[PDB]
Amino acid sequence: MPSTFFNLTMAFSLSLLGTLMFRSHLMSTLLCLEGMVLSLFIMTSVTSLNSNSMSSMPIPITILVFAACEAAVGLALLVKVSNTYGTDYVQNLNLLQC
Amino acid sequence: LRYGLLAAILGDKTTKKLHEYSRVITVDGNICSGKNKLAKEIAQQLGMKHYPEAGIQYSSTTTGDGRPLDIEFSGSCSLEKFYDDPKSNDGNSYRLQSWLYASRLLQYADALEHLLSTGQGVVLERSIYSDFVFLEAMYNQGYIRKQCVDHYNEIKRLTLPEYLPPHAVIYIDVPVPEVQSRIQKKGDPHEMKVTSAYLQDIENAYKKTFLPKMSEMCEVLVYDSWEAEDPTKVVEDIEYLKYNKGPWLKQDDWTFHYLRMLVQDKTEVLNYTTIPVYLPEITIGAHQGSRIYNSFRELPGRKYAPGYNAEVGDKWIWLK
Amino acid sequence: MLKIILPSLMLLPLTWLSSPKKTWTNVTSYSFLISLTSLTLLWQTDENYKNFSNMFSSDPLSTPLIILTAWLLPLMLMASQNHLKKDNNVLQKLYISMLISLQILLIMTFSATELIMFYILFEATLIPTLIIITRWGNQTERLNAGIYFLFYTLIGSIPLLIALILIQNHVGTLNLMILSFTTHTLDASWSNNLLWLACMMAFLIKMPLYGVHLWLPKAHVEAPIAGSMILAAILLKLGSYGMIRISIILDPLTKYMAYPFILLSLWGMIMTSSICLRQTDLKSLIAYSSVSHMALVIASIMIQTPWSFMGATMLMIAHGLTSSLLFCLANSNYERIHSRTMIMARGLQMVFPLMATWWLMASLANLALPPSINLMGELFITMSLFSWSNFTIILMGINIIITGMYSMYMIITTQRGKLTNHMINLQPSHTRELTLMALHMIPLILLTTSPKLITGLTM
Amino acid sequence: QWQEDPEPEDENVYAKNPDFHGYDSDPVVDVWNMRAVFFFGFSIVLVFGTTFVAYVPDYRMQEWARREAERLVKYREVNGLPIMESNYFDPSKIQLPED
Amino acid sequence: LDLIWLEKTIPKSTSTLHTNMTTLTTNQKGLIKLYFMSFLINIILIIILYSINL
Amino acid sequence: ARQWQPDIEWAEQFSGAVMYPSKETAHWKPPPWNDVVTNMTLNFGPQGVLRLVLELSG
Amino acid sequence: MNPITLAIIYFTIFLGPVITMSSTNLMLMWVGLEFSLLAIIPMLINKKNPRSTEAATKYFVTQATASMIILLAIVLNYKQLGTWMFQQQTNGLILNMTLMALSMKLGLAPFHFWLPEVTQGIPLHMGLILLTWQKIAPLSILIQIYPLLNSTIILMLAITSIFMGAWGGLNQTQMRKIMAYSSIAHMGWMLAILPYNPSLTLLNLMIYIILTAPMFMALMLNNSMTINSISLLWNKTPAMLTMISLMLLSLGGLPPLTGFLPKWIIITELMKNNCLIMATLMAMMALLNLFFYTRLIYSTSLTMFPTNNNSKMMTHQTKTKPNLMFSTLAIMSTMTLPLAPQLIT
Amino acid sequence: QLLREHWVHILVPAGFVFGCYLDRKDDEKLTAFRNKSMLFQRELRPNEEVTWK
Amino acid sequence: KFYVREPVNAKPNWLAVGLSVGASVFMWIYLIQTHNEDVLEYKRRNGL
């Protein structure tokens, strides 16, 4: 369990670093966001199952539901960007600088 | 009760109060060709509210006592001075154009508010959609400059798409020599000092630019004078006119409510007409603005909000 | 002190409720009554200090400043009556309110027993001077001048606030008399040196010290007459009062931290007197004369002799009165000719004999004519400075020589000589402005007659 | 050119009101403001206040200190005491440190 | 002194310094990619200060 | 005589969104005041002697 | 929007920070944070323009990254301590990541690069909603764990927040960007006073909110997006320039306005805790903030910028727009300084 | 009608009376050392109850 | 009849006036009663 939890935290760190280093695809950014979400789900579930915390096993269900609604909101925003610009390229999102 | 979201919740639905004759009809034409009489007869025999051409003193007549104010309060622009000398160095032409566009915008807001509140249709004379015709005519005649044209286009882009286009646009096609003959027969000595080049620019701006942009989104009703000068066939066409295009079909109750708020607050209507674009034609200095604003404030009935001016007979000021 | 603060506070509803044809009359008469009421603080029949309450007090140093402010307020209204005659009623009442706010907040500032309350009222007085200069100033440089004045003063005043809070945390109450009684010596360490600089530089900016004096000439030039009065006659002396109040808890290291500021003050009054010689603007020339006089005040306060403190006090009052009179005469000439050029109006002795007489007495008070309180201040400052070091007399002599030269150069090029006959728009005199000069000059004569009132704390 | 009011010219105020006193345009407010400034400036402030200041007694106890000085000089001269002691404080009631 | 060097020394020098700093610090290109790269640098820096502070 | 008030020049130095046009920021424009058909051309056919150029909105 | 979704969206916007403040669980404070974010996003994209879409996208990705970092910290604390609350012995790395992500949510520097851009392009009332309401919940989470945080990291974040906010507000012209960097500087002040006295943090937050509300109401009176637009306010609404000047001077912290009280008591407490250099630098950057405020005052009130010709017609029209609680918040944000012992606790 | 026209002339004297009243209130508030200063510690006269009011 | 349009504040809102006046009166009476009750409670608690 400590080795696998360390691997899960490094997976979250890699997904976070991928989120922070943008590429041309906002879809890829959202996919990195759900890489973080999935890593959070596995760490929470393994922690609850290891600690036998039956009172807190609803917490993975709540993080899944809340993050899924948040990503639905983000997908709607990406749909709006793709509609206004043809593509989802993040460098098209830059006219609020001035 | 003032109109608002609470009134919309309790029930003030525009689509509920709509009927067949709840239409926006705009009559357009050249300077002197039967435009006023036809609109009056159409409104009278259709049961519609007639809005004549918004002049310089439209805001003066619609606000306060309704008497026309002084010229320095109402735009400081003279149509007679423009006719006498259109290329004057003080920028009378573009000041007159911007003031008339603001008056037309206020008139369109008033007509839209009346239609959305009472359900009665409106018949306007030469609304905001056909004032760029005068703009382009003065630009092609050299009366104004490209900076004035750009500023007018910017204001039109700021204000125009926030409202709804008219349901019907009835146009009066008329030859320039006929317009010249009617102008000579009218007898206004300033108005005979207009050029056939300017009239042809107006007519060309109409035919080349105004009629198509009405054509793909509303119903266009070009008539001659002889097709006009009898306000029965035109009303018959209005009766047998089908409105199956434009953004009026996509409007629902809450869009009507938000549009009603926009047209019922006049400050949001005239918000973008006072953008800080400093053209020397329309820029007024601090001292002249101070004097004009102050004198408008000691004008009777204009010192405080309406209903709070004791000099005009308003009562219960202390209690409200 | 409340019996002076409250009716000055109630001047504001009188201003905003008076008729537009009675506002100036009512406010001027009642502010004259405010000055008459404020004269009761001179009832000092004992060595004890007039501690009116736990928050306000009167002092032999604070009392002349309060009386001076209460006296200048009706004079301020008189000077502001003319250039606002073509102005809106609401803005006129607003300007009167701004002046009354100056007068109220300055009385509370001088009468405060707490240094933190003194600081709050310090830049609480800074705000309406900014508003007056920025709104009712004439030229286009008033905005820049307001920026310069405000930011010199605030960059000065922030380390003063930090020093005040540190002193409060170290001692416990920051009450002026408690500090004066349980004053503790300093260890002459670097922290104490920086603390001394922090609590000194705010009042040094407000004085202004030489090198940092650049906000004063442009603010005085682009300011209106009431702003010029309030600056040159109250605010510099307010910085003076701040140093006098704060210097008690700064022993012993002020005896060597006084060194750069004394040199700066002496060489700077020489420098600014030279600028007064070669200055082409009358308001600028009077402003630089004010800088030189406050440099003398710096030298006295920093050498910290009791005779020097007295000379600083009498120079505060005398220079405030004579600088206000000089700015009034300059503003009368400015309202005549619509120009500020030093050389443009020359032969005014002919057309305006009584105003030229007022010019002459104002300049004679400026150049330290005996037996005036001006010369008493400069002579006692001279005596204390020579006691501090015998070679200061050379700089004092150069300063006095150039002072006489710029005062007589003022008189010669503004009154004497041939008249500029092209200025046909020369109205003879206003009884208002002649009364303004008389009300400026008579208290100078009375304080010359009795100089014991403005001697200050030391004697 | 932007619209702007022309530069006003200051008028000869004495042309329409030869008895102008500097305070207000019409004669009545001008003369009453002049009277108010004269009566409240010189009459009941520069004279009544001057009298009050002149008749403040014993201002910071110069007169009392003079009387006490004369009394102390008389005391110390009829009893042979020094006029001023070299030490303000009595040396017996001060505990100096041992080093 | 007054019209050249004290002006060049205290106020205009302070104004020029703050103008240069505000231009340099808000010459932002407006790209969320650059902003998130900056955020990553901030994260790395704060981890470094935590590791050296302990 | 009269108090100076800002002209068109002093009013126009306050537009440009920057206050400080440098070489790396002078190309910027101020924001607008109001802060402001692709359709299917299907070819129906070999489901086959019919061609349909069919213009679809969804 | 119809009133049904208007009520639902406003109720969830209200409910998010309420759950965050009322909740004693890290999980529930988290879920309140995304109630606030998710409910406010349609309100940003309400206007349906490319600038609003840009602001909504940047705001979403920033808050999503910060919320995932917050959940990382919560899960790591849950593993390390077996509970759902940073009690006393949670890891300093976890606490620093929590502070990192809450500072990212707040928009204080060097995580401030999105706040002026998100504030731009959205309507003024949404700028007010963001810059006032969206910060109480991250401040609530920060206040709940004050003795555990790292003073060095907080002081660095705070001083650079005031530096970048002062420099930005000095730089631009746009009203929304000016208010955003003003928010960044004020959050720097609140963050700096956070580890020593959270009561003064709450006091500064309430003072900033009651100063930000009448700014945004005054901007919404004429939709003045620009320094020039608020500069011709004398022709539009001359009865407001006095309160504009007073409230902007209060935002600058000039006495005797009540906006001097938060900076004053914060400096006093910081000097009680002996961080004199930090307090001096904070006060100098506050002077820079006051400089751009004073330039704004010069533009809008003390001078009179030239006007247009249609402003005559706009003065011909009447208005009932300004609400009743504008004056109450204005007076409470200007003339409350003698009630300082009552305002502080 | 004279009281209606010249009602503005009582505000400053009313403020003066109020300021004198507040000075009197502060004076009776600061009475913790009345007849207790060692410079002025004297036995009370039978016709008086306080040294100063 | 001066204005061409009927003003919103042409007539006083009588319901608003009555509610405001009654509210101010109610808070004044409640303030006096609570102040007297607080004085009596403080004296009873401290034995005054």
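The chains carry the letters A, B, C, D, E, F, G, H and I, assigned in the order they are written, with residues numbered from 1 in each.
FYI, contacts are C-beta pairs under 8 Å (C-beta built on N, C-alpha and C of every residue); 3 or more make two chains touch, one makes a residue touch a chain.
For reference, the UniProt names are A = NADH-ubiquinone oxidoreductase chain 4L; C = NADH-ubiquinone oxidoreductase chain 4; G = NADH-ubiquinone oxidoreductase chain 2; H = NADH dehydrogenase [ubiquinone] 1 beta subcomplex subunit 1.
Peer 1: Treat each pair of touching chains as one step and give the shortest count from chain D to chain H.
Peer 2: Counted as steps through touching chains, the separation is 2.
Peer 1: Can you list every chain that touches chain B and also touches chain F?
Peer 2: D, G
Peer 1: Any chance you could check whether E-G or A-E wins on number of contacting C-beta pairs?
Peer 2: Pair with the higher count of C-beta contacts: E-G.
Peer 1: In angstrom, rounded to a whole number, how far apart do the mean CA points of chain C and chain H lie?
Peer 2: Each chain reduced to its C-alpha mean, chain C and chain H end up 33 Å apart.
Peer 1: As a quick test, compute the distance in whole Å between the mean CA positions of chain A and chain D.
Peer 2: 78
Peer 1: List the centre-to-centre spacing of chain D and chain I in whole Å, with centres computed as mean CA coordinates.
Peer 2: 50
Peer 1: Could you tell me which residues belong to chain D and also touch two or more other chains?
Peer 2: 2-3, 8, 10
Peer 1: Scan chain I for residues touching two or more other chains and write them down.
Peer 2: Answer for chain I, listing residues that touch two or more other chains: 8.
Peer 1: Check each residue of chain F and list the ones that touch at least two other chains.
Peer 2: 1-2, 5-8, 11, 15, 17-18, 20, 30-31, 33
Peer 1: Under the touch definition given earlier, write down the residues of chain E that touch chain F in their complex.
Peer 2: It comes out as residues 19, 22-23, 27.
Peer 1: Quick one: which bits of chain F touch chain E in the complex? Just the residue numbers, please.
Peer 2: 20, 22, 24-25
Peer 1: For chain E, which residues count as touching chain C in their complex?
Peer 2: Against chain C, chain E makes touches at 1-2, 6-7, 10-11.
Peer 1: In the complex, go through chain C and note every residue touching chain D.
Peer 2: 21-22, 24-25, 28-29, 32-33, 35-36, 39-40, 42-47, 60, 74, 78, 81-82, 85-86, 338, 425, 427-428, 430-433, 435, 438-439, 442-443, 446, 450, 452-453
Peer 1: Going by the contact rule set out above, which residues of chain G touch chain A in the complex?
Peer 2: My answer: residues 27, 30-31, 34, 37-38, 41, 45, 50-51, 53-58, 60-61, 64-65, 67-69, 71-72, 75-76, 78-79, 82, 84, 117-118, 120-121.
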